[PDB]
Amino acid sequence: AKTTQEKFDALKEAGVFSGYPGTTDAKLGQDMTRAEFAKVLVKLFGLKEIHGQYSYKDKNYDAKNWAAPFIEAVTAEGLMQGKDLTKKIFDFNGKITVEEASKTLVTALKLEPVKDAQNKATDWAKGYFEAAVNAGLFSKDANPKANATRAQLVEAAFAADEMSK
């Protein structure tokens, strides 16, 4: 049993995570954009990329956006939907939150969301967060509304990959 840095080393090896330019530093106290997390999900679950397609109307969401193949893939898969359907906004530059990540992983893992869960999560996310908590993907005193740290995401990702046989 294996430190957060060691889990990151393993996930980086398997191409799931990448680090930052000019440094081998994992920066586990830093946040992560929704674009970066979409990639992580794609690699975590071996989803196929989707090129030449753009389903969202965010500014600079187009063929010059390195993240679009990943954002399209997690969207076809049902793991992510964006933040509103009417305006078709994904918010690729915003940071992934623990309750958002929770949604994605609970769904990818086909776990049962909890009806009428009591916790601090946003309404739409309460069953997702509670299920993610009970799966050991996030700690029960993580803040569901806070941006997830890279440490928390390494831990959640590593645990999730375990749950896939």
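For every residue, the number given is its place in the sequence shown, counted from 1. Rigid core here is just the name for the largest C-alpha set that superposes within 1.5 Å across the two forms.
Peer 1: For a rigid core alignment of each structure in 4 other deposited structures of this protein onto the shown form, which stretch has the higher root mean square Cα deviation: 22-30 or 47-55?
Peer 2: This comes out as 22-30, the stretch further from the shown form in 4 other deposited structures of this protein.
Peer 1: Report the stretch with the higher mean CA temperature factor, choosing between 25-33 and 60-68 on the basis of the entry.
Peer 2: Mean B over CA atoms: larger for 60-68.
Peer 1: Comparing 96-104 with 39-47, which has the greater mean CA B-factor as deposited?
Peer 2: If you average the C-alpha B-factors of 96-104 and of 39-47, the larger mean comes out for 39-47.
Peer 1: Considering every modelled residue of the chain and its Cα B-factor in the PDB entry, is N119 in the lowest, middle or highest third?
Peer 2: Within its chain, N119 is a middle-third residue by C-alpha B-factor, going by the deposited values.
Peer 1: Would you please rank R150 by its C-alpha temperature factor against the other modelled residues of its chain and give the third it falls in: lowest, middle or highest?
Peer 2: As the PDB entry reports it, the C-alpha B-factor of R150 lands in the lowest third of its chain.
Peer 1: Once the chain's modelled residues are ordered by C-alpha B factor and cut into thirds, is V74 in the lowest, middle or highest one?
Peer 2: Answer is lowest: the recorded C-alpha B-factor places it there.
Peer 1: In terms of the chain's CA B-factor thirds, is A14 lowest, middle or highest?
Peer 2: For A14, whose C-alpha B-factor we compare with every modelled residue in the chain, the answer is the highest third.
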